[PDB]
Amino acid sequence: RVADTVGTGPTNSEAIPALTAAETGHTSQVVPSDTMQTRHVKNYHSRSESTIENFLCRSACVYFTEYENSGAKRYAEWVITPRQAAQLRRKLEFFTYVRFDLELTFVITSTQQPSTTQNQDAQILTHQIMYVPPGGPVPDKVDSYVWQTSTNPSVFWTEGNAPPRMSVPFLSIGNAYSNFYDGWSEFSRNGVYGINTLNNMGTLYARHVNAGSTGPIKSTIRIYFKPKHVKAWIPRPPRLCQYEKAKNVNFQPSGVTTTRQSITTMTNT
Amino acid sequence: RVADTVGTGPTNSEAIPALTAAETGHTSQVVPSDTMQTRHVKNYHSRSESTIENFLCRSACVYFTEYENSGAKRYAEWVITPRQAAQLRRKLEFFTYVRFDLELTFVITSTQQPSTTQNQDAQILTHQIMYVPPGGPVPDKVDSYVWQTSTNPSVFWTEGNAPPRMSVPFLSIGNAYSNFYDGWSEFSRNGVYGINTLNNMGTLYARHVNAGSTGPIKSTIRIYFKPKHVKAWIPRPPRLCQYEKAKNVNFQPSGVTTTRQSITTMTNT
Amino acid sequence: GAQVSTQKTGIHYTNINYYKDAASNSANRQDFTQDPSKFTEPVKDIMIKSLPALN
Amino acid sequence: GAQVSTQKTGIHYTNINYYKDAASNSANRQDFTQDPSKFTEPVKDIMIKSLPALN
Amino acid sequence: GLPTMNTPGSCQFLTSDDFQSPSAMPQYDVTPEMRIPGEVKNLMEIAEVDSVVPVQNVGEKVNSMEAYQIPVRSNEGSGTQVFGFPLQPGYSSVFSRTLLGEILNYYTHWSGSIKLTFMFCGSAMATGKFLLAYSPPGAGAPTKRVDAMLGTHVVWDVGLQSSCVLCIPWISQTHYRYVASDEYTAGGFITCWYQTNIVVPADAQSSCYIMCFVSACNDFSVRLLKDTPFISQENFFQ
Amino acid sequence: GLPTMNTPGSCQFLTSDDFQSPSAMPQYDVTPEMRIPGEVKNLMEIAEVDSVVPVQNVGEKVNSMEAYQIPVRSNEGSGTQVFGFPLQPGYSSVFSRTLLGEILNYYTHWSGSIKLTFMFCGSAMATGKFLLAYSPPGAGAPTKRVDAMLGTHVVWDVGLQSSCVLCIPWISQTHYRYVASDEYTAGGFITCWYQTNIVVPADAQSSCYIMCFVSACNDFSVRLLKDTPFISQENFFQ
Amino acid sequence: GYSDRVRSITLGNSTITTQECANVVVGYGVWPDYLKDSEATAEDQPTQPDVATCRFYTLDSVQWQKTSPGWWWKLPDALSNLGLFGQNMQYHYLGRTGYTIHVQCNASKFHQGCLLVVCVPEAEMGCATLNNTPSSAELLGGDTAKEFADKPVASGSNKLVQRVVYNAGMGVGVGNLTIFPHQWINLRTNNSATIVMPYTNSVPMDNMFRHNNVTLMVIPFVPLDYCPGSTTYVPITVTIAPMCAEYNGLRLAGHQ
Amino acid sequence: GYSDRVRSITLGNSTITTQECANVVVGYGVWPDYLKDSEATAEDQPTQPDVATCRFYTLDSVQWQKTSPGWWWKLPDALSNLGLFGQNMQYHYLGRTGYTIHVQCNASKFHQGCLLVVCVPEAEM
Ligand SMILES: CCCCCCCCCCCCCCCC(=O)O
Ligand SMILES: CCCCCCCCCCCCCCCC(=O)O
Ligand SMILES: *C(=O)CCCCCCCCCCCCC
Ligand SMILES: *C(=O)CCCCCCCCCCCCC
């Protein structure tokens, strides 16, 4: 809950709740009651919706690709990163270190494709989404033995059903996920610089278990991330400049705010 | 329950339960027992179905639009108002202030469209309904980053399934939703006049996550509102004149009732 | 943590809620409370039926 | 082995978990704990409002 | 993997169902309540409130305040009929648009007693007696005061107590009645007659007005919810 | 085979739902926690922290540290206006990019008091008094110090305590206000005037600077979560 | 020695007597009072002028004619120019009040007629021309009664209120206005109507220029009549008294 | 950590700070208050606006020159046009008030001068 205001009356003392020295690096704690006559008000207002869990715990699309029924793009692959999407990336980046569990929901959608193919009569498409942790063998074709997933986890989902969803633990090696990294990967202060030295979550492959029809079909897998059971440390300034890369802080300089005219103009221009 | 009648007999006194002065602004409380000889009757009749919850708590269609597979209308948008439908609007307007939770059910239905397109073999369509609270970025195309809904709530629903439904809290800033507003938005008694100065619930966008087929398909989203946990204050006369606008009281004058002939005619004409 | 309440008649129906928000709950159909002497009789001085209204 | 907790209001909602892993559980939406005197006031020597900051 | 089995009714959307749905806005803090005056708890709290009845529907008076005035005049005889309308609170053009009739049009059945409070709006010098009567159905409407006689009446003497309440009891074969018309569910007739002509002094107006008010009694109840026929629409308003 | 029946909402994916999902990695042992300094528990812990406000948006100073400096100078008169911006913490170009304004842009409603700590960055030999005032909406912004007068003000005397906190109360018709602009939900105006011109000795600079800081009070709260309009995207970054 | 007909209401400097009346109809059963710390939002301390604001302000008299359709007075705006009620209302962003509305109309034993004295909370009115909204100068009349129309107002390209009495300018049935606190001034039995309105609104306090929370309407249901000789000029005088007026948010004066 | 030099006076909407001062000189040892039933004559009930009237009204600034002789401001008439103090003062036959007069003048370490700030009861000129 939020703090209620205390009924205040006049004052004429040497107590100065309003005068301070902001150089101390300490935020003042003045409240209306200190610089005016306040009435008692009872605050039932709650800061429930601004807890870190409520802020971050909402499914956001982090990426999406396509694969097909035929041709070259018959299976897809994505090296896992939350940095390809501007929206979720920016919320996580309000904090230097974050620790959390994840809830993965996938929205797989197919579209019939233009063809000269006559007598199309598609059968129901079943998809396989497979996770290849850093080090395991990678599918080099829609049919390499790799898709057996004897040990790799993978979801088989038939179209028309509810979106495939599963949760994942805090898969880090560190006691918290690092959102920023002011360092290199090599001790010779060389090689990679930044957060990419840390990103090693593996790849995610998807494919059609069956082609289904004689005509072409293209599917689009959308990956949704939802941070459950979140812990966030060391907050920082929200991102001002637009994102340029998915692996680095690279920004193009932009001004502090938008403008108006005179410091006296009560209106944005 | 309803009140039972008391057995009454004859009377010959100066007690006058029948004579009053209606100028007082007080409704008389005479009952059959007062102006005749009544028998005792036990009333088990209940006023259960006329409670405000039972009156208002039934799903009503408040609006519906269309979006398509291709073309210009590829996504839809609706600024939320219960005033576009005559039916639900009129029930809510029996009261000046109403406070309640909402239950949203959407009935999304698609129709194949006429085309010269040969070899159509549609794939299952999945739809996304997104809410953009007052202030958030708005989708300017079926594919703007906006549809990531990292923080905005949104429903993904595949056709052929049960109607997507969710409930919403009492989203007002005031301690009750105002059904009427005899005022302006500007302190200079200018600008907007009426309830529209108060309506600021945001917009609702819908789109096809996938096109599904080579041929054209047009969908129609129907939004249903159902006031749960209702509180209503200050009742008023039911709407007589027909509704003309969705943002204002504007009516075209109509007579008090229908007619019959003489004040003696026991039949409607 | 269930709640057994009465059904509408002329029995019981057990209920449990699964959602963390009160807005996610079912409607309140069984509140037959009522008070017409806000509208019928909002007069300052009491008006007795058997007596002359204006005296 | 259920747990009845409170709903968000201005009741209760019983909960049971079915999965063997804590990662499979629902989010923790009801933790309204807070401590801004890490950021507001991270000063070594205490600063009293009514007193002059620099003396 | 608990063995389940679906019953007919699955994935169906019943307009009047009562189920739990997930909140789209979690841990949302609702603006605290405020005590606002005059809260309604039941629709019958509204139907128990007097509302002026447009007895003089007749012609274009319906497009005026004249629909509300019941003409009373000084005759050369008594026994004359002042007005007459049937007991159909939701159907008759008289009651259909009242506070009681509008609420009744959202329901299919109704049961109870009704109060018809008549207020005399003449000069303080005018007198008169009226026979306010309700005759149940069975034999037509009373066409003479001598037929209205035998019914359930109340002789109203105009005096300091301006108004007089003719209370109509529930005399029905059935427990409820249809709000819409049905002769099985017939209601009766309400008529008014001069008991003793209106007597006025010299210099005071001889033609006055009466006003009728309709409210429900403590035994009134409505049943089976439906839509009013009173609100139409051709397109979504804009 | 337990008889079940589905309700509308089945097989729907609500972005903000809160359900249990099977873990894809069973009996996985999570790397033990570590106490890392400065943990955030609520976003309001961040909005309660002072952040420098870019009052001098004006022109190209927004592309500089000048956006942050409020020019104060030794005049030939007092009553002059130093600055002026409306009370719109999430909307005004001044507050929109603050620590408070960035957090407020992720929410739809807001309520509470705000502290505007002004720090005098002149020479140790400069003096001066300023009238820091907040005038609620209703009648335009004060155009003279004599109009700012009548508002909620604080006369600031520059001395050893460099800074002075003008605390803006919550004076609203409603419980919350929209983060976005709406004249129903109008906020007010914050203005600053010279009370007694800036007096400096000989050999000390006569034109100084002031800095403004914005933080929320203990009664501040934000509601209804939405997306910030501040972060766009055309393609997935690579 | 008593009488249900006699009355005396003292508020501040003013006292009001009645020798023929009905009860005092108290709002929605609620008597006006001040805002509680539980229901308050504005944290600044209020000004409660008391005897200076909450007193009997008698606006202009209006003439009841055999052809008058009715009249209406918005509520905060009526007393917006009267005394210290109007002053505090200008210097303050927020305000809250209740009222004791005393409508006075005396005729004789040979006169007849009957007025409906209602207090319509939030009388949002319609425009003659369906596309527009009435103008501020068309809806409001400070201390000067605004009057209803006998017949439909023409829908040109105006911002005229649709004044036909039978729809009350709100598109409802004028005969159902009886739900809103009211009384009747049947010249046969009455002399005046007194209505004590509590503060009705969805917010604890609101601005007094931008929003008129209550609207007083005096609509004659049974017309004035009298035989020749009987005095022809029958005026109606409206006396309203604010009750428990508080004001939060002080600043310079006005509205803009 | 205190100082005889610091001060803060809160009256209504307004607050006043000082970083260099002397004591507050209280009238004739009397702090303002309301009229007692013992000392009252006017039988009608008073209006005591409170926060609306009793607050800090900052009049116009004046320039101290090397040749300025002095200045004077009559008291009820000064605030006679200011806010709700001036309003109540016009609608009412009788009135009674006390004041907290704060005269402000800051110079530097290289400036010199000395003003007499008096409150003359009944300065018949
Ligand atoms: C079918 C199984 C799918 C499993 C999905 C595993 C996804 C891993 C998610 C890692 C989360 C966010 C981490 C950013 C990493 C870093 O920069 O250190
Ligand atoms: C996918 C999330 C959808 C959320 C649906 C939100 C709809 C908001 C409903 C507001 C309700 C009725 C309010 C009328 C508003 C007014 O006039 O003040
Ligand atoms: C109180 O509820 C203890 C009894 C529990 C009965 C079994 C509950 C049936 C399934 C409930 C799980 C809740 C869904 C979130
Ligand atoms: C504690 O839970 C004992 C009460 C059990 C209530 C019935 C449980 C409902 C179904 C639960 C099975 C768990 C699913 C893996």
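No value in this document is a laboratory result; all are computed from the given coordinates. Neighbour counts run over all protein chains shown; Cβ positions are idealised from the backbone, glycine included.
Worth a mention:
- Inter-copy label distances at A:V209 (7 Å, Cα→Cβ; nm, one decimal): 1.9
- Chain B, closest residue to the rotation axis toward A, by beta-carbon, whole angstrom: B:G160, 5
- When restricted to Cα atoms, chain H yields an Rg and a Dmax of 17.4, 58 Å, respectively.
- Listed residue pairs exceeding 19 Å between alpha carbons, taken from C:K38/G:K74; A:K228/D:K20; B:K141/B:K218: C:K38/G:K74
- For the axis carrying chain E to chain F: nearest C-beta residue of E, whole Å: E:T4, 4
- B:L171, E:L150, H:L116 arranged by Cβ crowding within 10 Å, fewest neighbours leading: H:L116, E:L150, B:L171
- Of the chymotrypsin sites (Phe, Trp or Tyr not before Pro) found in the stretch E:161-238, those that fall in a DSSP loop while having at most 13 other beta-carbon atoms within 10 Å are E:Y184.
- ³J(HN,Hα), Karplus 6.51/-1.76/1.60, whole Hz, each residue of the stretch E:10-18, x for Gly, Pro: 5, 6, 9, 10, 8, 3, 9, 6, 9
- Contact order for chain A, expressed relative to its length and based on alpha carbon pairs under 8 Å spaced 6+ residues apart, stands at 29 percent.
- Rg(Cα)/(2.2 N^0.38 Å) for the protein assembly as shown, N = residue count: 1.05
- In order through the stretch G:117-130: 3J(HN,Hα) via Karplus (6.51 cos²θ - 1.76 cosθ + 1.60), integer Hz, x for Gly, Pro: 10, 10, 10, 8, x, 6, 7, 5, 9, x, 9, 5, 8, 3
- Those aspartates and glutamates that a straight Cα-Cα span of less than 18 Å connects to G:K66, excepting residues fewer than 8 apart in one chain: E:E66, E:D203, G:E147, G:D150, G:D225
- Normalised by 2.2 N^0.38 Å, where N counts its residues, the alpha-carbon radius of gyration of chain B equals 1.44.
- Once backbone amide H atoms are built at 1.01 Å from N, D:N28 has A:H229, A:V230 as its partners under 5 Å, excluding neighbours fewer than 5 places away on the same chain.
- Pairs of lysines in chain E whose Cα atoms sit within less than 27 Å of one another amount to 9, provided the residues are eight or more positions apart or on different chains.
- Counting every pair of alpha carbons in the stretch B:1-88, the share spaced more than 19 Å apart comes to 70 percent.
- Amide H partners (placed H, <5 Å) of E:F189, local residues excluded: E:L87, E:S135
- Counting every pair of alpha carbons in chain C, the share spaced more than 17 Å apart comes to 64 percent.
- Using the Cβ-Cβ distance between H:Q90 and G:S135 with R0 set to 35 Å, the FRET efficiency from 1/(1 + (r/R0)^6) comes to roughly 0.60.
- Over chain H, relative contact order from alpha-carbon pairs under 8 Å, at least 6 apart, %: 20 percent
- Counting Cβ atoms of other protein chains within 10 Å of each Cβ in G:87-94 and taking the mean gives 6.
- A cut-off of 5 Å between modelled amide H atoms, ignoring neighbours fewer than 5 places along the same chain, links B:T65 with B:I221.
- Entry note, chain E: relative contact order of 32 percent, from Cα contacts under 8 Å with a spacing of 6+ residues.
- Neighbour counting of Cβ atoms within 10 Å sorts the residues E:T7, G:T129, G:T215, fewest neighbours leading, into E:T7, G:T129, G:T215.
- Scaled radius of gyration (Cα, divided by 2.2 N^0.38 Å) that the stretch B:106-192 gives: 1.66
- In order along the stretch F:29-36, phi translates into HN-Hα couplings of 8, 5, 4, x, 5, 9, 7, 10 Hz, rounded to whole numbers, per the Karplus curve 6.51 cos²θ - 1.76 cosθ + 1.60 with θ = phi - 60° and x for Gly and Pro.
- Within chain A, longest stretch free of exposed chymotrypsin sites (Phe, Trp or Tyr not before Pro) [DSSP loop, at most 13 other beta carbons within 10 Å]: A:1-186
- Shielding by partners for peptide G:11-23, expressed as the average number of C-beta atoms from other protein chains within 10 Å of each residue's C-beta, is 3.
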